[PDB]
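What follows is target-v9.txt (compact mmCIF, C-alpha atoms).
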# COMPACT_ATOMS: atom_id res chain seq x y z
CA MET X 1 -54.26 58.60 -130.50
CA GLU X 2 -55.15 62.28 -129.66
CA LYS X 3 -56.83 61.29 -126.32
CA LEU X 4 -57.21 57.50 -126.69
CA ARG X 5 -53.55 56.95 -125.56
CA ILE X 6 -51.35 56.09 -122.52
CA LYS X 7 -52.48 59.37 -120.81
CA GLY X 8 -50.17 59.64 -117.74
CA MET X 9 -47.03 58.86 -119.84
CA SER X 10 -47.57 60.21 -123.41
CA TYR X 11 -48.55 63.86 -122.54
CA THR X 12 -46.83 67.12 -121.44
CA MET X 13 -49.83 69.45 -121.48
CA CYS X 14 -51.78 72.04 -119.59
CA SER X 15 -50.36 75.58 -119.27
CA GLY X 16 -54.04 76.63 -118.72
CA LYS X 17 -55.77 77.52 -115.39
CA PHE X 18 -57.39 75.04 -112.90
CA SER X 19 -59.76 75.11 -109.84
CA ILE X 20 -59.01 73.95 -106.32
CA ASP X 21 -62.14 71.77 -106.22
CA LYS X 22 -61.67 70.25 -102.77
CA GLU X 23 -59.25 71.43 -100.03
CA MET X 24 -56.36 69.27 -98.73
CA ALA X 25 -57.03 66.51 -96.14
CA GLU X 26 -54.19 64.35 -94.65
CA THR X 27 -54.04 60.50 -94.40
CA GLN X 28 -52.82 57.71 -92.06
CA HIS X 29 -50.24 57.12 -94.88
CA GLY X 30 -49.07 60.70 -93.96
CA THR X 31 -49.90 61.94 -97.52
CA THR X 32 -52.54 64.62 -98.26
CA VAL X 33 -55.46 64.50 -100.75
CA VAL X 34 -56.27 67.48 -103.01
CA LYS X 35 -59.13 67.52 -105.56
CA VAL X 36 -58.63 69.54 -108.79
CA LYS X 37 -60.76 70.68 -111.76
CA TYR X 38 -59.39 71.99 -115.10
CA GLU X 39 -60.60 75.39 -116.44
CA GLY X 40 -58.23 76.63 -119.24
CA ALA X 41 -59.24 75.24 -122.65
CA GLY X 42 -62.00 72.53 -122.41
CA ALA X 43 -59.64 69.76 -123.67
CA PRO X 44 -57.92 66.94 -121.62
CA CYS X 45 -54.70 67.37 -119.59
CA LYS X 46 -51.95 65.88 -117.75
CA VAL X 47 -51.86 68.63 -115.08
CA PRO X 48 -48.67 70.41 -113.85
CA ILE X 49 -48.38 69.72 -110.07
CA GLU X 50 -45.43 70.64 -107.85
CA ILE X 51 -45.02 71.40 -104.16
CA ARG X 52 -42.64 74.28 -103.50
CA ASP X 53 -40.87 75.52 -100.33
CA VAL X 54 -41.94 78.61 -98.27
CA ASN X 55 -39.90 80.89 -100.62
CA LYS X 56 -41.56 78.96 -103.58
CA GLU X 57 -38.18 78.59 -105.44
CA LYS X 58 -37.47 74.89 -104.56
CA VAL X 59 -39.57 71.75 -105.28
CA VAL X 60 -40.13 69.68 -102.05
CA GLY X 61 -43.08 67.22 -102.66
CA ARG X 62 -43.85 63.87 -104.41
CA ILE X 63 -47.21 63.12 -106.12
CA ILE X 64 -48.55 59.62 -105.16
CA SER X 65 -51.85 59.36 -107.18
CA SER X 66 -49.68 58.69 -110.34
CA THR X 67 -48.91 61.44 -112.94
CA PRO X 68 -51.84 63.94 -112.45
CA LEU X 69 -54.49 64.15 -115.21
CA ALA X 70 -57.91 65.69 -116.02
CA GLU X 71 -60.13 64.31 -118.84
CA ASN X 72 -61.77 67.76 -119.63
CA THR X 73 -62.54 71.22 -118.05
CA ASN X 74 -65.83 69.64 -116.85
CA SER X 75 -63.79 66.80 -115.14
CA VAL X 76 -62.31 66.55 -111.61
CA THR X 77 -59.39 64.54 -110.14
CA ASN X 78 -58.65 63.63 -106.50
CA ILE X 79 -54.82 63.65 -105.99
CA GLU X 80 -52.94 61.87 -103.17
CA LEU X 81 -49.71 63.85 -102.67
CA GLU X 82 -46.63 63.77 -100.31
CA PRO X 83 -45.39 67.19 -98.92
CA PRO X 84 -42.40 67.70 -96.52
CA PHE X 85 -42.91 67.75 -92.69
CA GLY X 86 -43.60 71.53 -92.52
CA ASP X 87 -45.26 74.52 -94.25
CA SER X 88 -45.28 74.36 -98.12
CA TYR X 89 -47.03 75.58 -101.30
CA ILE X 90 -48.71 73.15 -103.70
CA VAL X 91 -48.79 74.62 -107.27
CA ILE X 92 -51.39 73.31 -109.80
CA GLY X 93 -50.87 74.75 -113.32
CA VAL X 94 -47.75 76.57 -114.73
CA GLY X 95 -46.63 79.87 -113.00
CA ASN X 96 -49.22 82.47 -114.22
CA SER X 97 -51.92 79.69 -114.25
CA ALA X 98 -50.74 77.94 -111.04
CA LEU X 99 -53.19 77.46 -108.14
CA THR X 100 -50.52 78.28 -105.51
CA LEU X 101 -52.05 76.93 -102.28
CA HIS X 102 -50.84 76.55 -98.67
CA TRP X 103 -50.30 73.34 -96.69
CA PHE X 104 -48.78 72.32 -93.33
CA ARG X 105 -48.13 68.55 -92.88
CA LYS X 106 -49.36 66.86 -89.59
CA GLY X 107 -50.77 70.32 -88.65
CA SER X 108 -53.29 68.93 -91.20
CA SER X 109 -55.50 72.06 -91.79
CA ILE X 110 -53.30 75.13 -90.87
CA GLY X 111 -53.09 75.35 -94.69
CA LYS X 112 -55.89 74.04 -97.01

Turn this file's structure into structure tokens for me.
Amino acid sequence: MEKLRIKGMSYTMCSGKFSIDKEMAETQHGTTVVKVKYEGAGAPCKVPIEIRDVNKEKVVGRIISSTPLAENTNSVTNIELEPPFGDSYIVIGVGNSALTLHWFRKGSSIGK
């Protein structure tokens, strides 16, 4: 019930910090693939992921690897993700905890 549950639906969780645990690499599907780790609190997560515009005010991306999750701090998750055709800022965690990392779509390593 706690953790044995429908994980990607039945949670709204981790305000804690995360690691960027592999850099972004783009696909033939035109998506990009992050890999995350949790840090915060040991326990499982669904993980807050957005992509925000250059000013970082407006959400501009769509996550493709379903609703992002991490089974523990010691766990990692590869995440297929769909940014706009330009520069943008993936955010992983909530504000103060958010891994706020650069990307540029089709210029597929000008941000990482």

Using all atoms listed in the file, what table do you get, as a Markdown table, when you list each residue of region 4-49 of chain X with an atom no more than 9 Å from region 70-92 of chain X, its nearest pair of atoms, and their distance in Å rounded to one decimal, rows by chain then rising number?
| residue | atom | partner | partner_atom | distance |
| --- | --- | --- | --- | --- |
| X:17 | CA | X:92 | CA | 8.3 |
| X:18 | CA | X:92 | CA | 7.0 |
| X:19 | CA | X:92 | CA | 8.6 |
| X:20 | CA | X:92 | CA | 8.4 |
| X:21 | CA | X:76 | CA | 7.5 |
| X:22 | CA | X:78 | CA | 8.2 |
| X:26 | CA | X:80 | CA | 9.0 |
| X:27 | CA | X:80 | CA | 8.9 |
| X:30 | CA | X:82 | CA | 7.5 |
| X:31 | CA | X:82 | CA | 4.7 |
| X:32 | CA | X:81 | CA | 5.3 |
| X:33 | CA | X:80 | CA | 4.4 |
| X:34 | CA | X:79 | CA | 5.1 |
| X:35 | CA | X:78 | CA | 4.0 |
| X:36 | CA | X:77 | CA | 5.2 |
| X:37 | CA | X:76 | CA | 4.4 |
| X:38 | CA | X:73 | CA | 4.4 |
| X:39 | CA | X:73 | CA | 4.9 |
| X:40 | CA | X:73 | CA | 7.0 |
| X:41 | CA | X:73 | CA | 6.9 |
| X:42 | CA | X:73 | CA | 4.6 |
| X:43 | CA | X:72 | CA | 5.0 |
| X:44 | CA | X:72 | CA | 4.4 |
| X:45 | CA | X:70 | CA | 5.1 |
| X:46 | CA | X:70 | CA | 6.2 |
| X:47 | CA | X:70 | CA | 6.8 |
| X:48 | CA | X:92 | CA | 5.7 |
| X:49 | CA | X:92 | CA | 4.7 |

For the selection you just gave me, I'd like the residues written to a file as a CSV table (one decimal), in the coordinates of the input, keeping C-alpha atoms.
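Done, and the output landed in part25.csv:
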chain,number,residue,atom,x,y,z
X,17,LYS,CA,-55.8,77.5,-115.4
X,18,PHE,CA,-57.4,75.0,-112.9
X,19,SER,CA,-59.8,75.1,-109.8
X,20,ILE,CA,-59.0,74.0,-106.3
X,21,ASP,CA,-62.1,71.8,-106.2
X,22,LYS,CA,-61.7,70.2,-102.8
X,26,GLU,CA,-54.2,64.4,-94.6
X,27,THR,CA,-54.0,60.5,-94.4
X,30,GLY,CA,-49.1,60.7,-94.0
X,31,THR,CA,-49.9,61.9,-97.5
X,32,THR,CA,-52.5,64.6,-98.3
X,33,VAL,CA,-55.5,64.5,-100.8
X,34,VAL,CA,-56.3,67.5,-103.0
X,35,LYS,CA,-59.1,67.5,-105.6
X,36,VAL,CA,-58.6,69.5,-108.8
X,37,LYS,CA,-60.8,70.7,-111.8
X,38,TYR,CA,-59.4,72.0,-115.1
X,39,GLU,CA,-60.6,75.4,-116.4
X,40,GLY,CA,-58.2,76.6,-119.2
X,41,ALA,CA,-59.2,75.2,-122.6
X,42,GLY,CA,-62.0,72.5,-122.4
X,43,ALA,CA,-59.6,69.8,-123.7
X,44,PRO,CA,-57.9,66.9,-121.6
X,45,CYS,CA,-54.7,67.4,-119.6
X,46,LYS,CA,-52.0,65.9,-117.8
X,47,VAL,CA,-51.9,68.6,-115.1
X,48,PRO,CA,-48.7,70.4,-113.8
X,49,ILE,CA,-48.4,69.7,-110.1

Which of X:109, X:100, X:66, X:28 sits closest to residue 53 (chain X) [using all atoms listed in the file]: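 Closest to residue 53 (chain X), using all atoms listed in the file: X:100.
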
CA of residue 95 (chain X) to CA of residue 55 (chain X), distance in Å rounded to a single decimal: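 According to the coordinates, CA of residue 95 (chain X) and CA of residue 55 (chain X) are separated by 14.1 Å.
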
Length of the CA of residue 103 (chain X) to CA of residue 67 (chain X) vector [Å]: 20.2 Å

Atomic separation - CA of residue 108 (chain X) relative to CA of residue 93 (chain X), Å: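 Between these atoms lies a distance of 23.0 Å.
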
Counting all atoms listed in the file, the residue of X:69, X:99, X:59, X:24 that sits nearest residue 10 (chain X): X:69

Given only C-alpha atoms as the counted atoms, nearest of X:25, X:12, X:1, X:6 to residue 105 (chain X):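 Among X:25, X:12, X:1, X:6, it is X:25 that comes nearest to residue 105 (chain X).
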
Surrounding residues of residue 94 (chain X) excluding itself and chain neighbours under 5 positions, 8 Å, all atoms listed in the file, as an MDAnalysis selection string: chainID X and resid 14:16 48

Box along x, y and z, 8 Å on every side, all listed atoms of region 84-89 of chain X inside: centre and edge lengths in Å to one decimal, as lines of an AutoDock Vina configuration file.
center_x = -44.7
center_y = 71.6
center_z = -96.9
size_x = 20.6
size_y = 23.9
size_z = 24.8

Could you add whatever atoms are missing so that region 20-40 of chain X carries N, CA, C and O atoms, then write the result as an mmCIF file, keeping the file's coordinate frame?
data_model
loop_
_atom_site.group_PDB
_atom_site.id
_atom_site.type_symbol
_atom_site.label_atom_id
_atom_site.label_comp_id
_atom_site.auth_asym_id
_atom_site.auth_seq_id
_atom_site.Cartn_x
_atom_site.Cartn_y
_atom_site.Cartn_z
ATOM 1 N N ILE X 20 -58.994 74.720 -107.560
ATOM 2 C CA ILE X 20 -59.010 73.950 -106.320
ATOM 3 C C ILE X 20 -60.466 73.575 -106.033
ATOM 4 O O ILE X 20 -61.317 74.444 -105.858
ATOM 5 N N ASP X 21 -60.772 72.278 -106.097
ATOM 6 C CA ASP X 21 -62.140 71.770 -106.220
ATOM 7 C C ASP X 21 -62.548 70.873 -105.029
ATOM 8 O O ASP X 21 -63.735 70.640 -104.791
ATOM 9 N N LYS X 22 -61.567 70.441 -104.224
ATOM 10 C CA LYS X 22 -61.670 70.250 -102.770
ATOM 11 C C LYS X 22 -60.313 70.544 -102.130
ATOM 12 O O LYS X 22 -59.277 70.149 -102.670
ATOM 13 N N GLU X 23 -60.359 71.191 -100.964
ATOM 14 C CA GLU X 23 -59.250 71.430 -100.030
ATOM 15 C C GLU X 23 -58.449 70.164 -99.673
ATOM 16 O O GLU X 23 -58.917 69.037 -99.848
ATOM 17 N N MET X 24 -57.237 70.355 -99.148
ATOM 18 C CA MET X 24 -56.360 69.270 -98.730
ATOM 19 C C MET X 24 -56.746 68.657 -97.374
ATOM 20 O O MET X 24 -56.904 69.367 -96.377
ATOM 21 N N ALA X 25 -56.819 67.320 -97.339
ATOM 22 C CA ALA X 25 -57.030 66.510 -96.140
ATOM 23 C C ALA X 25 -55.961 65.404 -96.039
ATOM 24 O O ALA X 25 -55.717 64.691 -97.014
ATOM 25 N N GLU X 26 -55.311 65.279 -94.873
ATOM 26 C CA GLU X 26 -54.190 64.350 -94.650
ATOM 27 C C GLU X 26 -54.657 62.914 -94.325
ATOM 28 O O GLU X 26 -55.781 62.693 -93.884
ATOM 29 N N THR X 27 -53.760 61.939 -94.516
ATOM 30 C CA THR X 27 -54.040 60.500 -94.400
ATOM 31 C C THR X 27 -53.258 59.838 -93.255
ATOM 32 O O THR X 27 -52.297 60.396 -92.718
ATOM 33 N N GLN X 28 -53.623 58.591 -92.920
ATOM 34 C CA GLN X 28 -52.820 57.710 -92.060
ATOM 35 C C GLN X 28 -51.501 57.271 -92.720
ATOM 36 O O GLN X 28 -50.517 57.038 -92.024
ATOM 37 N N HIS X 29 -51.450 57.239 -94.058
ATOM 38 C CA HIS X 29 -50.240 57.120 -94.880
ATOM 39 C C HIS X 29 -49.332 58.364 -94.767
ATOM 40 O O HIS X 29 -48.187 58.336 -95.213
ATOM 41 N N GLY X 30 -49.810 59.457 -94.151
ATOM 42 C CA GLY X 30 -49.070 60.700 -93.960
ATOM 43 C C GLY X 30 -48.991 61.581 -95.207
ATOM 44 O O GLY X 30 -48.327 62.615 -95.175
ATOM 45 N N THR X 31 -49.615 61.159 -96.307
ATOM 46 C CA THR X 31 -49.900 61.940 -97.520
ATOM 47 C C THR X 31 -51.066 62.896 -97.282
ATOM 48 O O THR X 31 -51.755 62.810 -96.268
ATOM 49 N N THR X 32 -51.334 63.791 -98.234
ATOM 50 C CA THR X 32 -52.540 64.620 -98.260
ATOM 51 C C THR X 32 -53.260 64.483 -99.604
ATOM 52 O O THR X 32 -52.645 64.135 -100.612
ATOM 53 N N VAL X 33 -54.573 64.723 -99.602
ATOM 54 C CA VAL X 33 -55.460 64.500 -100.750
ATOM 55 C C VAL X 33 -56.109 65.814 -101.161
ATOM 56 O O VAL X 33 -56.997 66.321 -100.478
ATOM 57 N N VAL X 34 -55.637 66.363 -102.289
ATOM 58 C CA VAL X 34 -56.270 67.480 -103.010
ATOM 59 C C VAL X 34 -57.422 66.935 -103.873
ATOM 60 O O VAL X 34 -57.432 65.748 -104.206
ATOM 61 N N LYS X 35 -58.326 67.799 -104.354
ATOM 62 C CA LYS X 35 -59.130 67.520 -105.560
ATOM 63 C C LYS X 35 -59.095 68.733 -106.491
ATOM 64 O O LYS X 35 -59.354 69.857 -106.053
ATOM 65 N N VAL X 36 -58.758 68.502 -107.762
ATOM 66 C CA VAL X 36 -58.630 69.540 -108.790
ATOM 67 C C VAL X 36 -59.795 69.488 -109.778
ATOM 68 O O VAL X 36 -60.425 68.441 -109.939
ATOM 69 N N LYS X 37 -59.995 70.588 -110.510
ATOM 70 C CA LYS X 37 -60.760 70.680 -111.760
ATOM 71 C C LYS X 37 -59.918 71.444 -112.779
ATOM 72 O O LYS X 37 -59.203 72.364 -112.381
ATOM 73 N N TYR X 38 -59.987 71.120 -114.072
ATOM 74 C CA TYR X 38 -59.390 71.990 -115.100
ATOM 75 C C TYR X 38 -60.340 73.149 -115.441
ATOM 76 O O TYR X 38 -61.549 73.038 -115.272
ATOM 77 N N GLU X 39 -59.806 74.267 -115.937
ATOM 78 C CA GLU X 39 -60.600 75.390 -116.440
ATOM 79 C C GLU X 39 -60.176 75.712 -117.879
ATOM 80 O O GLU X 39 -60.982 75.535 -118.793
ATOM 81 N N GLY X 40 -58.909 76.118 -118.048
ATOM 82 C CA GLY X 40 -58.230 76.630 -119.240
ATOM 83 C C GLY X 40 -58.970 76.568 -120.584
ATOM 84 O O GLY X 40 -59.400 77.603 -121.088
#
